[PDB]
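Novice: Handing you a structure now.
All Cβ positions, even for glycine, are placed from backbone atoms using ideal geometry, and neighbour counts span all protein chains on display. Computed from the coordinates by the stated procedures, all read-outs in this text should not be read as laboratory data.
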Amino acid sequence: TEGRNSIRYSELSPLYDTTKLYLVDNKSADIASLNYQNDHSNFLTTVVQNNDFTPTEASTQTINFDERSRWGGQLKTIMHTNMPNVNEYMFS
Amino acid sequence: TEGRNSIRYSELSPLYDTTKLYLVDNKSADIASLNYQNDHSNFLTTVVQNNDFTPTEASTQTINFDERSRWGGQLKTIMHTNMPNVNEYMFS
Amino acid sequence: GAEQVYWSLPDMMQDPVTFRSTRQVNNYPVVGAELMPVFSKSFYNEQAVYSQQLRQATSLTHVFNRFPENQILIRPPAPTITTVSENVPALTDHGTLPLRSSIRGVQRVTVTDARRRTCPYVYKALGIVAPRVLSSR
């Protein structure tokens with residue numbers, strides 16, 4: 001199991017066999033640059049938390065997990081909605 | 001020669017068998033913090049160029065070169081002075 | 001004042017130790033240091049009083065030396081040695097540093113000040129890199 005479980009970003013230290021990846025939408029940099037036409041159901045967000053890079057030039061780095069191993073990670077979601085009773089979208 | 005020639009800072013990537021180390025005195029952080037009583041002939045300066053650390057809390061990290069090898073590096077200096085002909089310091 | 005100058009080259013050489021890999025303009029990890037090429041030079045006019053007595057007769061009525069009768073407010077005499085700055089070219093050799101594996105076609109260069117700002121008085125800049133082999137892998 002040792003050896004083949006490193007997680008290299010590009011230039012930081014390599015991790016080993018557990019991280020976390022945050023898919024948030026409340027970053028103040030994505031509001032002005034990437035997401036301009038779309039809303040909270042179809043947005044576009046970044047993973048790197050480095051803040052030496054604007055997200056137009058942060059769309060190039062690759063968080064390459066180690067090969068010669070099959071990876072895979074579980075998913076946890078939190079959603080919150082507010083729809084009325086009678087509305088036009090659901091034919092009511 | 002391979003293997004035993006890494007240069008680890010503490011958390012960045014390891015280099016290999018050539019760097020440079022700058023002993024400057026014109027940093028704007030050392031003027032307000034470290035050097036307050038002394039002058040250009042007996043000053044006290046930092047080596048880390050990270051600027052996430054004030055130099056009072058940067059006096060803890062160690063740039064440890066790799067063991068099982070004897071190291072050693074050459075020195076180049078640049079000094080510039082202005083003394084008068086007749087003065088009191090040199091009994092003239 | 002003799003200030004230092006920093007060369008940066010962030011697409012060919014690797015980063016030196018304790019430097020963060022960034023693409024902001026005013027950080028740009030430094031690859032070598034020098035001195036600003038502005039020297040001094042002495043000339044020894046040796047007269048300095050007759051050459052001041054005669055200079056304000058054919059060139060200067062009373063524009064400088066407005067009060068040519070009061071002893072305290074009189075024009076100061078010129079020294080017997082005079083010093084003027086000058087600009088010379090600088091040829092330097094900075095030693096070896098490790099370079100990257102793949103080199104892109106376009107490259108950046110940057111020449112900064114001690115307070116991380118570009119000096120506008122640079123007229124010519126020129127560099128030559130000659131790769132060699134170091135330890136194996």
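Novice: Can you name the residue in the range C:1-54 that is more than 30 Å from B:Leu12 (Cβ to Cβ) and assigned to a strand (DSSP E or B) and is also farthest from the other protein chains (Cβ to nearest Cβ) among such residues?
Specialist: C:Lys41
Novice: Pairs under 8 Å by beta carbon, first residue on the phi < 0 side of the Ramachandran plot in the range C:25-43, partner outside any loop (DSSP other than H, G, I, E, B) and of a type in the set (D, E, K, R), six or more apart or different chains?
Specialist: C:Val38/C:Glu86; C:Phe39/C:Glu86; C:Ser40/C:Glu86; C:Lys41/C:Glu86
Novice: Further question: If you scan the range C:78-115, which residues turn out to be under 29 Å from B:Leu15 (Cα atoms), of a type in the set (D, E, K, R) and loosely packed, with under 12 Cβ neighbours inside 10 Å? Reasoning before the result, please.
Specialist: Our first condition is that a residue be under 29 Å from B:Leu15 (Cα atoms); within the range C:78-115, this holds for C:91-115.
After this cut, where a residue has to be of a type in the set (D, E, K, R) as well, the list is C:93, C:100, C:104, C:108, C:113, C:115.
Selection gives C:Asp93, C:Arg100, C:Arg104, C:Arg115.
Novice: Moving to a separate point now. I'd like to check something: does the range C:35-58 contain any residue that is within 30 Å of B:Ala58 (Cα to Cα) and not aromatic (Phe, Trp, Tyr)?
Specialist: yes
Novice: To continue, here is another question. Out of all the residues in the range A:52-92, which are in a loop (DSSP other than H, G, I, E, B) and among the aromatic types (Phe, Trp, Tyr)?
Specialist: The first filter runs over the range A:52-92 and keeps only residues in a loop (DSSP other than H, G, I, E, B), leaving A:52-64, A:66-92.
Result: A:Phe53, A:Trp71, A:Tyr89, A:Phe91.
Yes/no matrix, rows are residues, columns are (1) without any contact (Cβ under 8 Å) to a residue 12 or more places away in the chain; (2) hydroxyl-bearing (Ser, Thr, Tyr); (3) farther than 30 Å from C:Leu134 by Cβ:
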| site | (1), (2), (3) |
| --- | --- |
| B:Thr18 | yes, yes, no |
| B:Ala32 | yes, no, yes |
| B:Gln37 | yes, no, yes |
| B:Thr54 | no, yes, yes |
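Novice: Between residues in the range B:1-16 that are more than 7 Å from every other protein chain (Cβ to nearest Cβ) and farther than 25 Å from B:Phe53 by Cβ and residues that are not in a strand (DSSP E or B) and not aliphatic (A, V, I, L, M), which pairs lie under 7 Å by C-beta distance while being six or more apart or on different chains?
Specialist: Here the result reads B:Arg4/B:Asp66; B:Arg4/B:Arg68; B:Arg4/B:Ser69, each pair linking the range B:1-16 to a residue that is not in a strand (DSSP E or B) and not aliphatic (A, V, I, L, M).
Novice: Return only the number of the condition from (1) among the hydrophobic types (A, V, I, L, M, F, W, C); (2) touching a residue at least 12 places away in the same chain (Cβ under 8 Å); (3) facing chain C (nearest Cβ under 9 Å) that B:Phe43 does not satisfy.
Specialist: Evaluating B:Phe43 over (1) among the hydrophobic types (A, V, I, L, M, F, W, C); (2) touching a residue at least 12 places away in the same chain (Cβ under 8 Å); (3) facing chain C (nearest Cβ under 9 Å) leaves (3) as the failure.
Novice: Quick check, is C:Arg75 surrounded by fewer than 10 Cβ atoms within 10 Å (Cβ to Cβ) and among the charged types (D, E, K, R)?
Specialist: When the stated conditions are applied, C:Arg75 does not pass them.
Novice: Still on this model: In the range C:106-126, how many are more than 14 Å from chain B (Cβ to nearest Cβ), touching a residue at least 60 places away in the same chain (Cβ under 8 Å) and not aliphatic (A, V, I, L, M)?
Specialist: Number satisfying all stated conditions: 4.
Novice: For A:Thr18, indicate whether it is β-branched (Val, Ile, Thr), within 25 Å of C:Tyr28 (Cβ to Cβ) and assigned to a loop (DSSP other than H, G, I, E, B). Working first, answer last.
Specialist: Details: β-branched (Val, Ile, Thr): yes; within 25 Å of C:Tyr28 (Cβ to Cβ): no; assigned to a loop (DSSP other than H, G, I, E, B): yes.
Answer is no for this residue.
Novice: Any idea which residue in the range A:23-48 is farthest from the chain's Cα centre (by Cα), counting only those that are within 29 Å of C:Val25 (Cβ to Cβ) and exposed (fewer than 10 other Cβ atoms within 10 Å of the Cβ)? Even if it seems obvious, please write down each step before you answer.
Specialist: First, the residues of the range A:23-48 that are within 29 Å of C:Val25 (Cβ to Cβ): A:24, A:26-36, A:44-48.
Add one more test, that the residue is exposed (fewer than 10 other Cβ atoms within 10 Å of the Cβ), and what stays is A:26, A:28, A:36.
Working: A:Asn26: 12, A:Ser28: 15, A:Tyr36: 18 Å.
Only one residue fits best here, namely A:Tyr36.
Novice: Of the residues B:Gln49, B:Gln37, only one is in a loop (DSSP other than H, G, I, E, B), facing another protein chain (nearest Cβ under 9 Å) and among the polar types (S, T, N, Q); which?
Specialist: Being in a loop (DSSP other than H, G, I, E, B), facing another protein chain (nearest Cβ under 9 Å) and among the polar types (S, T, N, Q) holds for just one of B:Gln49, B:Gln37, which is B:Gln49.
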